[PDB]
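> need a structure here:
(6 chains, ligands or ions: 6)
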6 protein chains.
Amino acid sequence: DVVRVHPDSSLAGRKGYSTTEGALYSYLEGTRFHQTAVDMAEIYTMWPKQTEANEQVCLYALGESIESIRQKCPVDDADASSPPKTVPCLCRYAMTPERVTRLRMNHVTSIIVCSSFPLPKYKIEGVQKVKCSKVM
Amino acid sequence: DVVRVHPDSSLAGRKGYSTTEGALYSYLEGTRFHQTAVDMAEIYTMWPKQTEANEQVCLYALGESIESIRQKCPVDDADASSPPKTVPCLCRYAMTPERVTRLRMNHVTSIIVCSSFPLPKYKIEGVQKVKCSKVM
Amino acid sequence: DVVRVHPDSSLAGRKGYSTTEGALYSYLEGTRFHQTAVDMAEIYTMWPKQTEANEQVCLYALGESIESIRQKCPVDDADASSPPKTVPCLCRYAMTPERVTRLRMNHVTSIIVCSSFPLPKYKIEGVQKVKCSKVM
Amino acid sequence: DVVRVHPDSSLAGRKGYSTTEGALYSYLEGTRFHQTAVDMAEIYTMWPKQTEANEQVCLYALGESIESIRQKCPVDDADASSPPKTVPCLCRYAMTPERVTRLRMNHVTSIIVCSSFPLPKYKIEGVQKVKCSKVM
Amino acid sequence: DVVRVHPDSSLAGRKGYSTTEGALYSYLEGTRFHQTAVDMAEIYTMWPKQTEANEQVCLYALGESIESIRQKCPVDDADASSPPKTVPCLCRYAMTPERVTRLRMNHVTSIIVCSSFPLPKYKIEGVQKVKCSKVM
Amino acid sequence: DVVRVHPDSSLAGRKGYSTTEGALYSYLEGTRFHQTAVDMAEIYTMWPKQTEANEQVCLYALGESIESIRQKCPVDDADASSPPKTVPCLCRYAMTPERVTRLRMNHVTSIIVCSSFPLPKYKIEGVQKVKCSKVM
Ligand SMILES: [Zn+2]
Ligand SMILES: [Zn+2]
Ligand SMILES: [Zn+2]
Ligand SMILES: [Zn+2]
Ligand SMILES: [Zn+2]
Ligand SMILES: [Zn+2]
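Residues are numbered from 1 along each chain as shown, chains lettered A, B, ... in the order given. Ligands and ions are numbered 1, 2, ... in the order given. Here you go, the structure:
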């Protein structure tokens, strides 16, 4: 089965990845983003509600270690992680595991997050919220 | 999709930008004005009503930092920012993100703002209000 | 009788092993994984409930000696070991005796375990829990 | 193929260069002006319309670095550069790559530009516009 | 069979190489450029689309190690490499394996690339895009 | 019966060996490559599928002992070995027993393997995959 990827994904036009069809959730096995993917997946289990889970994902993109993310979880409950969305949205600010990997490699001090990535209504340092131009 | 720009815009006659048709709202991705654009967009969220939002935008054009603009917001609520108007009007005083970028680069101590950019009825230092010659 | 093996098993396409049919439980006689298999089988007897038995199996995969595993058993009761599942699931993280053998040979410091391998709800060092893509 | 050069060019009467015939566009390979040529070519791509491209070329002749010229471009689009005109006109003020090289070497604070080099209708510091005595 | 080479190639006028006829693809066995050739070929497999493959080739010419190029590939898929074009074009900026070898030997900090070598529309450090004077 | 050998084989033009006709499979009795041949044959029995058998052959060419190759086999089943192909292909990278013998004598740290020698789609250390110029 082919894994659906973002149109701007570097996996586009590759064997096992497609832009117009495929699986919408994946750990991206066989790529480097795989690691980031599973880390993001673990985050989405540590915080069941999407808002503060996305806040922790944004902090992860800003270079914060995943170990501190595990530390910040209120409980020690550990459940199996579901694969993160490979295409959360279709704009250039989609918080895919690939984009998070790229931001962590670039060590960016600020990121731009679209509205398809719901965040806490209060300010987050290094995160700028913009409208999602086009959604999934 | 092409992004509609001002007739006096430096993006006129370029790939992805047009004067007679295109998107009327954009963060101007791929340009420098992009940064100014998103900043202006954030301002338009900090002040929901257009009058004092435009006052803050005018102060932004006069060189005041965006950090102080965030400080001046009465609340800490942060919602996703909608793209600013690329063509608020068709005169030479259109408060486009490009014009704001140019004014900030020139470090102007006074600006001229047309009537298509609604402002508070009281005086604003460094801002002169004139009639908009032609509107959108 | 043919022994059913994982699709990613190195025993696939060999005499006595098959992917689409065969025995679902085996000590894998005639292979090296045999040893690991019987060790895993012994673990599954030392801990009757699958959760902490799988925890001990995960620790076994992380390089911990089987002698310490025997030491950690609360009782000295020793009953005959049933053959471990050759195909616990169909994803790439199936905790087959072959996969455990490969992980022990590679001396990995961290493993990824799918949801078809039930584990304790608390954190286990060196183990990352992910959803099983496809099950048996 | 011979490259057509200006009658006042120092490449006149040389192998591969001619005054009465030859290629009207060239990067001037094998000369020093080559570098200036390609820089001018890049300018002509950064600004698609000839007017502000010629303004940037005039600023380049006045000693301004090409890096700042790249900075001043509104977009980051980079397309292949076409060779600049070796003979834009036949007067002594022809803005050939050779003339630009000579002006940059002399570090002139003011230049005279003929009417065959279309410029913005507003004043440019250090540039004096005169009629082109004879054109191509 | 003779291998067609660039008119400016140092292999011109040699046994097994010709300018007017021959094979248009080769690993250049028997030469030093052979190594560069196969490296370039591997690059063209790592990035299936010609644009970012040519970007990686340009970075290779700028002295970046091939090991880092392998690292930068999003996937670990490795398919057989097709021989690179010995004559991608007929101008002096043809990105032949010989030219890449010469540039790597000279340790150049900047290269000039013609339009027959398609590159990403954004800026690449140390690469200047010019029109290809004559094509294949 | 004559044994068909590679055109670049040192057995070419010898009694019992020919380039245009002969047996396509042989243990190469009477030569030194004989030993390598039978070793390769044994490898082709240890791994029934050609892909990982060729991977093990490539590792054998890189100097790894045949005893470790026997150790790496998942099973202890030992069936009679069929003679390896004396001419797997007609290019210079043909993985003949003679070429493997030469590479082992030279103790090469890297080899180039054509596409007629199918290998695993993942990277193999010391092996570079290129297109086979001409096949059998
Ligand atoms: Zn979005
Ligand atoms: Zn107006
Ligand atoms: Zn599973
Ligand atoms: Zn003139
Ligand atoms: Zn060219
Ligand atoms: Zn071959």
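> Got phi/psi on the residue of chain A found nearest chain E?
Residue nearest to chain E within chain A (Cβ to the nearest Cβ): residue A:10, separated by 4.6 Å. For every residue, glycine as well, the C-beta is placed using N, CA and C. Main-chain dihedrals, residue A:10, degrees, to the nearest 10: phi -70, psi -10.
> In contact with it, which residues?
Counting by Cβ atoms under 8 Å, 6 or more residues apart in numbering or on different chains, residue A:10 touches A:98, E:74.
> Mind doing that once more with 6 Å?
residue E:74 (Cβ atoms under 6 Å, 6 or more residues apart in numbering or on different chains).
> Please determine how far it is located from ligand 4.
50 Å (Cβ to the ion, to the nearest Å).
> Could you do residue A:82 as well?
Residue A:82 sits 70 Å away from ligand 4 when distances are taken as Cβ to the ion.
> residue contacts, that residue?
By Cβ under 6 Å, 6+ apart, the neighbours of residue A:82 are residue C:131.
> what's the closest non-adjacent residue to the residue of chain A at minimum distance from ligand 3?
Using Cβ to the ion, residue A:80 is the residue of chain A that sits closest to ligand 3, at 9.8 Å. Once flanking residues are discounted, residue A:80 sits nearest to residue C:115: 3.8 Å by Cβ to Cβ, 6 or more residues apart in numbering or on different chains.
> Report how many residues lie close to residue A:69.
Close neighbours of residue A:69, defined as other Cβ atoms under 10 Å in any protein chain shown, add up to 19.
> Following the chain onward from the helix or strand containing it, which element is next?
Per DSSP states H and E: residue A:69 is located in helix A:66-72. Where DSSP H and E defines the elements, the next helix or strand beyond helix A:66-72 is helix A:97-106.
> Touching the helix or strand following that following helix from outside, list them.
The helix or strand immediately downstream of helix A:97-106 is strand A:111-113, counting by DSSP H and E. Residues outside strand A:111-113 that contact it (Cβ under 6 Å, 6+ apart): A:61, A:93, A:103, A:127-130.
> From chain D, how far off is residue A:102?
Per Cβ to the nearest Cβ, to the nearest Å, residue A:102 is found 17 Å from chain D.
> Can you get me a residue count around residue A:49?
Neighbour tally, residue A:49, other Cβ under 10 Å: 9.
> Provide the contact partners of the host helix or strand of residue A:51 at residue level.
Assigned by DSSP H and E, residue A:51 falls within helix A:50-61. Helix A:50-61 has contacts (Cβ under 6 Å, 6+ apart) with A:40, A:43-44, A:47, A:69, A:100, A:103, A:111, A:117-120, A:127.
> ranking those by neighbours, who comes first?
Per-residue neighbour counts (other Cβ under 10 Å) across those peak at residue A:40, which has 28 neighbours.
> pretty sure residue A:4 contacts residue A:20?
No - using Cβ atoms under 6 Å, residue A:4 is not in contact with residue A:20; the gap is 7.7 Å.
> ok so, going back, the helix holding residue A:51 and ligand 1, are they touching?
No - between helix A:50-61 and ligand 1, judged by Cβ under 5 Å from the ion, nothing touches; the nearest distance is 12.1 Å.
> in that helix, what's buried?
The neighbour-count check on helix A:50-61 (16 or more other Cβ atoms under 10 Å in any protein chain shown) flags A:52-61 as buried.
> filter these by proximity to ligand 3?
Within the buried residues of helix A:50-61, nothing lies near ligand 3 by Cβ under 5 Å from the ion.
> what's the closest non-adjacent residue to residue A:66?
residue A:39 (4.8 Å).
> That neighbour belongs to a helix, doesn't it?
Yes - Residue A:39: assigned to a helix according to DSSP: H, G, I helix; E, B strand; the rest coil.
> Number of residues surrounding it?
Residue A:39: 23 neighbours (other Cβ under 10 Å).
> Verify the contact between it and residue A:68 for me.
No - the criterion here is Cβ under 6 Å, and residue A:39 misses it with residue A:68 at 11.9 Å.
> Need the overlap of contacts for the two.
In terms of Cβ under 6 Å, 6+ apart, residue A:39 and residue A:68 are not both contacted by any residue.
> quick revisit: pull up the gap between the residue of chain A closest to chain E and residue C:130, please.
Distance of residue A:10 to residue C:130, given as Cβ to Cβ, to the nearest Å: 23 Å.
> And residue A:34, by the same measure?
For residue A:34, the distance to residue C:130 (Cβ to Cβ) stands at 10 Å.
> Who has more neighbours out of these two?
residue C:130 (21 against 16).
> what's the nearest residue to the more buried one once chain neighbours are set aside in contact with, if anything?
Among residues not flanking residue C:130 along the chain, residue A:81 sits closest, at 5.1 Å (Cβ to Cβ, 6+ apart). By Cβ under 6 Å, 6+ apart, residue A:81 lies in contact with A:41-42, A:45, C:130.
> just to revisit the earlier point, neighbour-wise, which of residue A:4 and residue A:20 wins?
residue A:4 (21 against 7).
> Could I get the contacting residues of the more buried one?
A:18, A:22-24, A:86-87.
> tell me which residues form a beta bridge with it?
When bridges are called by DSSP bridges, residue A:4 pairs up with residue A:18.
> Please tell me how far it sits from residue E:97.
37 Å.
> TSV please, covering the contacts of helix A:50-61 and showing distance to residue B:135.
Output for those, formatted as TSV (distance: Cβ to Cβ, whole Å):
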residue	distance to residue B:135
A:40	47
A:43	48
A:44	48
A:47	48
A:69	51
A:100	43
A:103	41
A:111	37
A:117	36
A:118	36
A:119	36
A:120	39
A:127	36
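> from memory residue A:84 sits against residue A:39, does it?
No - assessed by Cβ under 6 Å, residue A:84 is found out of contact with residue A:39, at 9.2 Å.
> Could you pull up the residues touching the residue in chain A that ligand 2 sits nearest to?
Residue of chain A nearest ligand 2, by Cβ to the ion: residue A:131 (24.3 Å). The contact partners of residue A:131, taken as Cβ under 6 Å, 6+ apart, are A:115, B:80, B:82.
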